[PDB]
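Heads up, the chain below is alone and in the form solved without adenosine-5'-triphosphate (ATP); it's given as C-alpha coordinates.
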(Lines give C-alpha, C1' and ligand atoms only; values in the text may rest on other atoms or scores of the structure.)
Protein backbone atom coordinates (compact mmCIF):
# COMPACT_ATOMS: atom_id res chain seq x y z
CA UNK A 1 0.00 0.00 0.00
CA UNK A 2 2.61 2.53 1.16
CA UNK A 3 6.39 2.46 0.69
CA UNK A 4 7.53 1.71 4.24
CA UNK A 5 11.02 1.74 5.74
CA UNK A 6 11.57 -0.08 9.02
CA UNK A 7 13.77 1.86 11.44
CA UNK A 8 15.77 -0.26 13.88
CA UNK A 9 18.78 0.41 16.06
CA UNK A 10 21.03 -1.25 18.59
CA UNK A 11 21.50 0.08 22.08
CA UNK A 12 22.19 3.81 22.42
CA UNK A 13 22.44 3.94 18.62
CA UNK A 14 20.97 7.41 18.17
CA UNK A 15 17.90 6.06 16.42
CA UNK A 16 15.26 8.34 17.93
CA UNK A 17 17.42 11.23 16.73
CA UNK A 18 17.49 9.61 13.29
CA UNK A 19 13.69 9.39 13.42
CA UNK A 20 13.48 13.10 14.26
CA UNK A 21 15.71 14.01 11.31
CA UNK A 22 13.44 12.00 8.99
CA UNK A 23 10.48 13.71 10.63
CA UNK A 24 11.98 17.11 9.96
CA UNK A 25 12.34 16.21 6.27
CA UNK A 26 8.56 15.90 6.14
CA UNK A 27 8.43 12.12 6.44
CA UNK A 28 5.63 10.47 8.41
CA UNK A 29 7.17 8.46 11.25
CA UNK A 30 5.12 5.75 12.95
CA UNK A 31 6.47 4.93 16.43
CA UNK A 32 5.56 1.36 17.38
CA UNK A 33 6.94 2.03 20.87
CA UNK A 34 4.65 5.03 21.37
CA UNK A 35 1.69 2.97 20.19
CA UNK A 36 2.64 0.17 22.59
CA UNK A 37 2.62 2.61 25.52
CA UNK A 38 -0.73 4.01 24.42
CA UNK A 39 -2.26 0.54 24.18
CA UNK A 40 -0.92 -0.38 27.62
CA UNK A 41 -2.46 2.66 29.31
CA UNK A 42 -4.37 2.21 32.56
CA UNK A 43 -7.18 -0.37 32.21
CA UNK A 44 -6.67 -1.21 28.55
CA UNK A 45 -7.07 -4.93 27.76
CA UNK A 46 -3.31 -5.38 27.19
CA UNK A 47 -2.52 -3.50 30.40
CA UNK A 48 -4.74 -6.00 32.23
CA UNK A 49 -3.16 -9.06 30.60
CA UNK A 50 0.36 -7.79 31.31
CA UNK A 51 -0.34 -7.31 35.03
CA UNK A 52 -2.16 -10.63 35.31
CA UNK A 53 0.72 -12.35 33.52
CA UNK A 54 3.70 -10.81 35.31
CA UNK A 55 1.87 -10.14 38.57
CA UNK A 56 1.77 -7.25 41.02
CA UNK A 57 5.51 -6.52 40.73
CA UNK A 58 5.03 -4.67 37.42
CA UNK A 59 2.35 -2.34 38.84
CA UNK A 60 3.65 0.93 40.27
CA UNK A 61 1.83 2.58 43.18
CA UNK A 62 0.49 4.82 40.40
CA UNK A 63 -1.43 1.91 38.94
CA UNK A 64 0.78 2.68 35.95
CA UNK A 65 2.98 -0.06 34.48
CA UNK A 66 6.55 -0.36 35.72
CA UNK A 67 8.02 -0.11 32.23
CA UNK A 68 11.63 -0.14 33.43
CA UNK A 69 10.96 -3.42 35.21
CA UNK A 70 9.14 -4.89 32.22
CA UNK A 71 12.06 -3.97 29.94
CA UNK A 72 14.45 -5.72 32.34
CA UNK A 73 12.24 -8.82 32.21
CA UNK A 74 11.84 -8.76 28.43
CA UNK A 75 15.57 -8.29 27.85
CA UNK A 76 16.65 -11.17 30.10
CA UNK A 77 13.78 -13.60 29.39
CA UNK A 78 13.28 -14.36 25.69
CA UNK A 79 10.12 -16.42 26.22
CA UNK A 80 8.58 -13.37 27.88
CA UNK A 81 9.73 -11.07 25.10
CA UNK A 82 7.94 -13.32 22.64
CA UNK A 83 4.86 -13.56 24.86
CA UNK A 84 4.63 -9.78 25.11
CA UNK A 85 5.26 -9.30 21.40
CA UNK A 86 2.53 -11.82 20.58
CA UNK A 87 0.11 -10.05 22.93
CA UNK A 88 0.68 -6.57 21.51
CA UNK A 89 1.24 -7.41 17.83
CA UNK A 90 -2.46 -7.60 16.82
CA UNK A 91 -3.44 -4.26 18.36
CA UNK A 92 -0.25 -2.46 17.33
CA UNK A 93 -0.66 -3.58 13.71
CA UNK A 94 -4.19 -2.17 13.53
CA UNK A 95 -2.91 1.22 14.70
CA UNK A 96 -0.03 1.15 12.21
CA UNK A 97 -2.47 0.45 9.39
CA UNK A 98 -4.64 3.42 10.40
CA UNK A 99 -1.65 5.75 10.22
CA UNK A 100 -0.55 4.26 6.89
CA UNK A 101 -3.97 4.88 5.34
CA UNK A 102 -3.60 8.58 6.12
CA UNK A 103 0.12 8.80 5.29
CA UNK A 104 0.80 12.16 3.61
CA UNK A 105 4.48 11.62 2.77
CA UNK A 106 6.08 9.91 -0.29
CA UNK A 107 7.28 7.08 1.93
CA UNK A 108 6.75 6.16 5.59
CA UNK A 109 9.15 5.37 8.41
CA UNK A 110 8.13 2.76 10.99
CA UNK A 111 10.25 2.63 14.15
CA UNK A 112 10.32 -1.00 15.29
CA UNK A 113 12.35 -3.11 17.75
CA UNK A 114 15.85 -4.42 16.96
CA UNK A 115 14.77 -8.07 16.95
CA UNK A 116 11.44 -7.48 15.22
CA UNK A 117 9.49 -10.49 13.98
CA UNK A 118 9.63 -10.32 10.19
CA UNK A 119 6.40 -12.31 9.91
CA UNK A 120 4.76 -9.39 11.72
CA UNK A 121 6.37 -6.83 9.38
CA UNK A 122 6.34 -8.57 5.96
CA UNK A 123 5.25 -5.36 4.22
CA UNK A 124 8.47 -3.37 4.70
CA UNK A 125 10.29 -2.39 1.50
CA UNK A 126 13.47 -1.55 3.38
CA UNK A 127 15.05 -1.98 6.79
CA UNK A 128 17.35 0.67 8.24
CA UNK A 129 19.58 -0.34 11.15
CA UNK A 130 21.25 2.41 13.17
CA UNK A 131 24.36 1.43 15.11
CA UNK A 132 26.90 3.24 17.26
CA UNK A 133 30.41 2.07 18.09
CA UNK A 134 31.04 0.54 21.52
CA UNK A 135 32.78 3.64 22.90
CA UNK A 136 29.89 5.91 21.85
CA UNK A 137 27.33 3.52 23.35
CA UNK A 138 29.11 3.50 26.70
CA UNK A 139 29.23 7.29 26.86
CA UNK A 140 25.54 7.42 26.03
CA UNK A 141 24.70 4.73 28.60
CA UNK A 142 26.79 6.21 31.40
CA UNK A 143 25.26 9.66 30.89
CA UNK A 144 21.70 8.31 30.64
CA UNK A 145 21.96 5.64 33.35
CA UNK A 146 24.44 7.52 35.57
CA UNK A 147 26.04 4.09 36.07
CA UNK A 148 29.63 2.89 36.24
CA UNK A 149 31.47 2.28 32.96
CA UNK A 150 31.85 -1.38 33.89
CA UNK A 151 28.09 -1.68 34.37
CA UNK A 152 27.49 -0.14 30.94
CA UNK A 153 29.95 -2.57 29.36
CA UNK A 154 28.14 -5.37 31.19
CA UNK A 155 24.88 -4.07 29.72
CA UNK A 156 26.44 -3.94 26.25
CA UNK A 157 27.93 -7.40 26.86
CA UNK A 158 24.42 -8.87 27.06
CA UNK A 159 22.92 -7.28 23.95
CA UNK A 160 21.64 -9.47 21.11
CA UNK A 161 24.14 -10.35 18.39
CA UNK A 162 23.57 -8.15 15.37
CA UNK A 163 25.18 -10.39 12.74
CA UNK A 164 21.84 -11.68 11.45
CA UNK A 165 20.14 -8.27 11.61
CA UNK A 166 23.15 -6.56 10.00
CA UNK A 167 22.99 -9.00 7.09
CA UNK A 168 19.24 -8.52 6.67
CA UNK A 169 19.31 -4.72 6.86
CA UNK A 170 19.28 -2.96 3.50
CA UNK A 171 21.09 0.02 4.98
CA UNK A 172 23.22 0.38 8.10
CA UNK A 173 23.77 3.88 9.49
CA UNK A 174 26.96 3.90 11.54
CA UNK A 175 26.43 6.77 13.99
CA UNK A 176 30.07 7.32 14.89
CA UNK A 177 30.70 11.08 14.72
CA UNK A 178 28.24 13.67 16.03
CA UNK A 179 24.83 15.11 15.15
CA UNK A 180 25.88 16.97 12.00
CA UNK A 181 27.19 13.93 10.12
CA UNK A 182 24.21 11.97 11.40
CA UNK A 183 21.94 14.52 9.73
CA UNK A 184 23.97 14.41 6.53
CA UNK A 185 23.67 10.62 6.42
CA UNK A 186 19.90 10.76 7.02
CA UNK A 187 19.63 13.25 4.16
CA UNK A 188 21.30 10.86 1.71
CA UNK A 189 19.09 7.98 2.88
CA UNK A 190 16.06 10.24 2.48
CA UNK A 191 17.03 10.98 -1.13
CA UNK A 192 17.63 7.26 -1.68
CA UNK A 193 14.18 6.32 -0.36
CA UNK A 194 12.48 9.06 -2.41
CA UNK A 195 14.22 7.72 -5.52
CA UNK A 196 13.32 4.08 -4.90
CA UNK A 197 9.72 4.81 -3.84
CA UNK A 198 9.29 6.78 -7.07
CA UNK A 199 10.18 3.85 -9.34
CA UNK A 200 8.68 1.05 -7.22
CA UNK A 201 5.18 -0.34 -7.81
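Positions refer to the first chain, counted from 1.
The same protein also has a form solved in complex with adenosine-5'-triphosphate (ATP), omitted here; what follows describes it.
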*Quick one: adenosine-5'-triphosphate (ATP) borrowed from its pose in the entry with it bound and superimposed here by the pocket C-alphas, is it open or blocked (3 or more atoms within 2.4 Å of backbone/C-beta)?*
open
*For the chain seen here without its partner, which of 163-171, 139-147, 47-55, 61-69 has a heavy atom within 4.5 Å of adenosine-5'-triphosphate (ATP) in the entry with it bound?*
139-147
*Would you check, heavy atoms only and a 4.5 Å threshold, whether residue 12 touches adenosine-5'-triphosphate (ATP) in the entry with it bound?*
yes
*4.5 angstroms heavy atom contact with adenosine-5'-triphosphate (ATP) in the entry with it bound for residue 16*: yes
*At the 4.5 Å heavy atom threshold, is residue 187 in contact with adenosine-5'-triphosphate (ATP) in the entry with it bound?*
no
*Is the gap between residue 23 and adenosine-5'-triphosphate (ATP) in the entry with it bound 4.5 Å or less for some heavy atom pair?*
no
_Residues within stretch 165-201 having a non-hydrogen atom within 4.5 Å of adenosine-5'-triphosphate (ATP) in the entry with it bound_ = 175, 177, 178, 179, 182
